[PDB]
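2 protein chains.
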Amino acid sequence: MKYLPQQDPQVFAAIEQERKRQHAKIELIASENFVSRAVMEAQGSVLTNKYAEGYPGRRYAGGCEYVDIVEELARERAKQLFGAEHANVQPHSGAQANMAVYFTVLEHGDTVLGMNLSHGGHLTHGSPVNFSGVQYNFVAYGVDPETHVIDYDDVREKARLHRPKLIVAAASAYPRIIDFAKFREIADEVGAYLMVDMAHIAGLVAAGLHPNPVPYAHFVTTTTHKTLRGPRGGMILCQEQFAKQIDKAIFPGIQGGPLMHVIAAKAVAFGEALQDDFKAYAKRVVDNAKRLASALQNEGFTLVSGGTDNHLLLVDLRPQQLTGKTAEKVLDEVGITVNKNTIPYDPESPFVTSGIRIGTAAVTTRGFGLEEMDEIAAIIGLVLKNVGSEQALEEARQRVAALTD
Amino acid sequence: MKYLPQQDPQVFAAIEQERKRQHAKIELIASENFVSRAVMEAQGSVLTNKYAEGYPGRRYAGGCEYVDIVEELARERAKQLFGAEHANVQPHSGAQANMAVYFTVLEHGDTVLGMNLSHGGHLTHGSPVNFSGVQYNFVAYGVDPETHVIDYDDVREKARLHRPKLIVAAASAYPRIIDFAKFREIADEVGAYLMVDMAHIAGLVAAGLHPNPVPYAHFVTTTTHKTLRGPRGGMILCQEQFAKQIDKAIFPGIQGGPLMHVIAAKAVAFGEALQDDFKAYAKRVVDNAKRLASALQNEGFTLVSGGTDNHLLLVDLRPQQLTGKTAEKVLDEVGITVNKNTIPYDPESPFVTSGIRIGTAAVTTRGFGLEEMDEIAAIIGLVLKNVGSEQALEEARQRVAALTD
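In structure tokens, the structure reads:
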């Protein structure tokens, strides 16, 4: 940086703290990643200056020739990446991508079936304190109490009983592969649209390591910043038949001017995802998660669903008589970043929880491999088995420092 | 840029075209500006990597100590700038800032009174193709057919007849000062909340060149990217009594994770606005607009309301028997960027219009003054009085090039 240090010492000092934090800590938040310097440069571009309401070749203002090129690059690379008939790269966030799909096909008070929030569903899939649960009538399907795998007979029963206009598949804390074919079969039986929110698994889908929801879903929503390793924002993929309605839902429906600099960054991230090395990266993410899962089990930990098929795992801390809150706090003390997370059929409130959610996308980006996974599990074992020993926590602290150099 | 040129030639070439375009053209789009290199560096920072759902000191994830410092800097500088009791700097856009206020105080189908869209109101103030007009029952107040000034007796009559739960004051194309005191008096008479959307005039308010809505309004919404000359995004200001509800409306209500890098950029822009030279800049914006207005009138143009009190003006092209669409197209041919815009009581559709909207914020930022305003008006006169002469358009082209160097 050149101008920010002189213009704003306070903001610069805080950013530098954050930059150093990002390097020093072991980042295991499942939703996070590290973007390339190219992605950041696009975000730091003059494209922030341009109002571009509308769409490429169909804008409501002149002088968009070049931002049109950028947006089309993003849309076309997204279509190449996921095989979608249409892409909308304007959503400001995952929240707004989901909001726009709901705006497209639902009326106020319509019934929607989504994954139980305490079983892995996202806030935007029907939380009563979120617009989704306030605006629409959300019902929930659950996972099996033993296997923690989505109960597809429950999905079917809830759909047949409640008759939703829309079914939502996907999750913020589900460590197994989702059967989109089964979701579509149920959706077809009850005459419902199928929306798949692939935010967490989008990078894995792009690399062919998770089944692609695009052929089965009417609408696919995603964030660009999780496993897809792009800038912070949203995207909608859909069948050409809904293209016009989806575009109108984003604008003039729920947003105004798009963030053209973020859209530039989206294009860059999509370009990166198209490369062979991203596919190798994505395999290492899943390989690392499976290794981390096994290594944690070796340390005596119980995992929700007994392991993972993707980038994330959920530790059930009940055998250790710890809450997710206690675990998150003590790991923070040693330099490991996780989040407390509800487990299926959690006896604790979502503000306390019986679990921690862990993902490998971020550490994999930094070059961590199987040996590092073994060590991370060993450190977690050391900490959580010795929460009252400052000696153990200091050793953990040092071993964390050894991993991050 | 260092990494983007190598990683993504296509995106870089398009950004460079856009950068050069921004320098070559005379940018008169009233909603646009040019941000500082410091603002852009903040947007191009590693802060994009951080999930920070929640608020400073009250986050739903650890490791936010430093992004908390950044967000508090933004909130506190905003409070210093506008004298608000509370700030929320998380809105992704003006659209989302307005959305959150509506979410806070209204239920689906509630009556809201806003400015007639064809008289200057924004899309998010009740357009039937926008969430606002679909979700709530919007009624409209108008401007006087002769003076084009808000008819406050009409505001009062509509409020007394329709009994709105909320009154919205502010505009995307209103060139005169808005009387927030009168809006609040009407709001008090009918027992309605008052929301002021100051998006366009926010920088002028910050510099004391437009009356501050904060003392009169329950909620003030704004974008950060217009006269405030910041990054693209939104903000809500409100009385402490609504602070908790407003924060919950943004999250977990209508958004998810905030854009911490954009929030950093917001803080930087607010820091810049606090400086003495921003106040001098803002005065030049208004001085330039009044000069441009006078110079256009000298060229024989009719202006909506007979001039301007702010950064923007609206040309009524009916005397010249031109549509806004025709005017926008031909000015694009010579390197002047305007937008077609409906005039009050426009006989034309909003896709054709009888007007062009012009603002001075952008050209003022680049250092244009009164002499440049005179020349811009003269060029506009030359073009619009000679739409069929390629010779005149080429001369205009050259004179535009002379202004932008």
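Respectively, the protein sequence lines represent chains A and B.
For the first sequence, UniProt numbering begins at 1 and goes up steadily by one.
For the second sequence, UniProt numbering begins at 1 and goes up steadily by one.
C-beta atoms are modelled at their ideal positions from N, C-alpha and C, and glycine is treated no differently.
Which residue from the options puts its Cα closest to that of residue i?
i, options, result
"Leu106 (chain A)", "A:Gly359, A:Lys158, A:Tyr193", "A:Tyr193"
"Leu313 (chain A)", "A:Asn339, A:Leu331, A:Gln321", "A:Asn339"
"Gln90 (chain B)", "B:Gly233, B:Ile150, B:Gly355", "B:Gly233"
"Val168 (chain A)", "A:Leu204, A:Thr147, A:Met99, A:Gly230", "A:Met99"
"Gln398 (chain B)", "B:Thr342, B:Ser349, B:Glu348, B:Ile336", "B:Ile336"
"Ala181 (chain A)", "A:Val214, A:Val139, A:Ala159", "A:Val214"
"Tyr216 (chain B)", "B:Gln135, B:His225, B:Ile178, B:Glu71", "B:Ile178"
"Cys64 (chain B)", "A:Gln6, A:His92, A:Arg58, A:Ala14", "A:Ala14"
"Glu333 (chain B)", "B:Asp346, B:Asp276, B:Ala401, B:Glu18", "B:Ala401"
"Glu32 (chain B)", "B:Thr364, B:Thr404, B:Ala378, B:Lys248", "B:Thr364"
"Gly253 (chain B)", "A:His125, A:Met1, A:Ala170, A:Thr360", "A:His125"
"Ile26 (chain B)", "B:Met1, B:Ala362, B:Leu393, B:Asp374", "B:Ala362"
"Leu161 (chain B)", "B:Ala206, B:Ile150, B:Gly191", "B:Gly191"
"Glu372 (chain B)", "B:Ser389, B:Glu394, B:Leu403", "B:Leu403"
"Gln6 (chain A)", "B:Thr147, B:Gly271, B:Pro231, B:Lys158", "B:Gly271"
"residue 486 (chain A)", "B:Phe12, B:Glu53, B:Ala280, B:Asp110", "There is no way to answer for residue 486 (chain A), as the model of chain A reaches only from 1 to 405."
"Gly307 (chain B)", "B:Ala273, B:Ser294, B:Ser172, B:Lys2", "B:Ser294"
"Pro164 (chain A)", "A:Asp316, A:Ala170, A:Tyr136, A:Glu240", "A:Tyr136"
"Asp277 (chain A)", "A:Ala207, A:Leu123, A:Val101", "A:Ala207"
"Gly120 (chain A)", "A:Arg176, A:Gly388, A:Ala74, A:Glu18", "A:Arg176"
"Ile356 (chain B)", "B:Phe219, B:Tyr174, B:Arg284, B:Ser389", "B:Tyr174"
"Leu274 (chain B)", "B:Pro319, B:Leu228, B:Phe242, B:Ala243", "B:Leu228"
"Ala38 (chain B)", "B:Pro231, B:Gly62, B:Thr222", "B:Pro231"
"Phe242 (chain B)", "B:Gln255, B:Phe219, B:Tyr345", "B:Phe219"
"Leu4 (chain A)", "B:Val35, B:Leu28, B:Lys2, B:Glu16", "B:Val35"
"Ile379 (chain A)", "A:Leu292, A:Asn310, A:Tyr345", "A:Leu292"
"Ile343 (chain A)", "A:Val205, A:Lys329, A:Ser172, A:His108", "A:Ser172"
"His108 (chain B)", "A:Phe131, A:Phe183, A:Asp8, A:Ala97", "A:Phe131"
"residue 436 (chain B)", "B:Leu303, B:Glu390, B:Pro347", "What is shown of chain B runs 1 to 405, which leaves residue 436 (chain B) out entirely."
"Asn310 (chain B)", "B:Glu395, B:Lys226, B:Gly62", "B:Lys226"
"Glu375 (chain B)", "B:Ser305, B:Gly62, B:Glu395, B:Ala159", "B:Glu395"
Name the one or two DSSP bridge partners that residue i has.
i, result
"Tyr55 (chain A)", "A:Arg58"
"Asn137 (chain B)", "B:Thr111"
"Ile26 (chain B)", "B:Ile336"
"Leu166 (chain A)", "A:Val112, A:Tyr193"
"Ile150 (chain B)", "B:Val143"
Pick out the complete beta strand (DSSP E) segments inside the segment 179-242 of chain B, 3 residues or longer, and give them in chain order.
193-197, 219-223, 234-238
Give the residues from the segment 334-366 of chain A that approach chain B closer than 7 angstroms (Cβ to any Cβ), ordered along the chain.
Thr337, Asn339
Ignoring anything shorter than 3 residues or poking outside the segment 297-385 of chain B, list the beta strand (DSSP E) runs there in chain order.
312-316, 355-359
Contact the segment 316-324 of chain B vs the segment 340-354 of chain B: 3+ CB pairs below 8 angstroms
yes
Taking Cβ-Cβ distances below 9 angstroms as the criterion, which residues of the segment 273-295 of chain A are in contact with chain B?
none
Between the segment 43-74 of chain B and chain A, which residues of the former have a C-beta closer than 8 angstroms to a C-beta of the latter?
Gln43, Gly44, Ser45, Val46, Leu47, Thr48, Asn49, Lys50, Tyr51, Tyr60, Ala61, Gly62, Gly63, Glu65, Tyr66, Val67, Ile69, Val70, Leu73
Cβ contact (3+ pairs, closer than 8 angstroms) linking the segment 354-374 of chain A and the segment 278-289 of chain A:
yes
Return the chain-ordered ranges of every alpha helix (DSSP H) run that is complete within the segment 252-304 of chain A and spans a minimum of 4 residues.
260-274, 276-298
Pairs of beta-carbons, one from the segment 39-47 of chain B and one from the segment 259-273 of chain B, closer than 8 angstroms: are there three or more?
yes
With three or more beta-carbon pairs closer than 8 angstroms as the criterion, would you say the segment 107-115 of chain B touches the segment 126-144 of chain B?
yes
When you compare the segment 43-61 of chain B with the segment 252-261 of chain B, are there three or more beta-carbon pairs, one atom per stretch, that lie closer than 8 angstroms?
yes
Counting pairs of Cβ atoms below 8 angstroms between the segment 374-393 of chain A and the segment 298-306 of chain A, do you hit three or more?
yes
Could you please tell me which residues of the segment 220-233 of chain A, in chain order, have their CB closer than 7 angstroms to any CB of chain B?
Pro231, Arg232
How about the segment 231-249 of chain A and the segment 74-86 of chain A: do they share at least three Cβ pairs that are nearer than 8 angstroms?
yes
Closer than 7 angstroms between beta carbons: that is the criterion. Which residues of the segment 14-28 of chain A meet it against chain B?
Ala14, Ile15, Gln17, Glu18, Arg19, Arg21, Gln22, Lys25
Threshold first: 4 residues or longer. Then list the alpha helix (DSSP H) segments lying entirely within the segment 70-127 of chain A, N to C.
94-105
Short of 9 angstroms Cβ to Cβ, which residues in the segment 161-181 of chain A face chain B?
none
If you measure beta-carbon to beta-carbon, which residues of the segment 99-122 of chain B are closer than 9 angstroms to chain A?
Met99, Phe103, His108, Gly109, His122
Check distances from the C-beta atoms of the segment 126-137 of chain B to those of chain A and list, in chain order, the residues that come in under 9 angstroms.
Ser127, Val129, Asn130, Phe131, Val134, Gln135
Under 9 angstroms, CB to CB, which of the residues in the segment 28-39 of chain B have a partner in chain A?
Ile29, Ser31, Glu32, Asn33, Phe34, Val35, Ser36, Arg37, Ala38, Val39
Taking a cut of 9 angstroms between CB atoms, which residues from the segment 83-95 of chain A lie near chain B?
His92, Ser93, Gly94, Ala95
Note down, in chain order, all residues in the segment 317-336 of chain B with a beta-carbon under 7 angstroms from any beta-carbon belonging to chain A.
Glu328, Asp332
Pull out every residue of the segment 194-208 of chain B whose Cβ sits closer than 7 angstroms to any Cβ of chain A, in chain order.
none
Near-chain B residues of the segment 237-259 of chain A (beta-carbon distance less than 8 angstroms), N- to C-terminal order:
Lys248, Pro252, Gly253, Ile254, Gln255, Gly256, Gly257, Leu259
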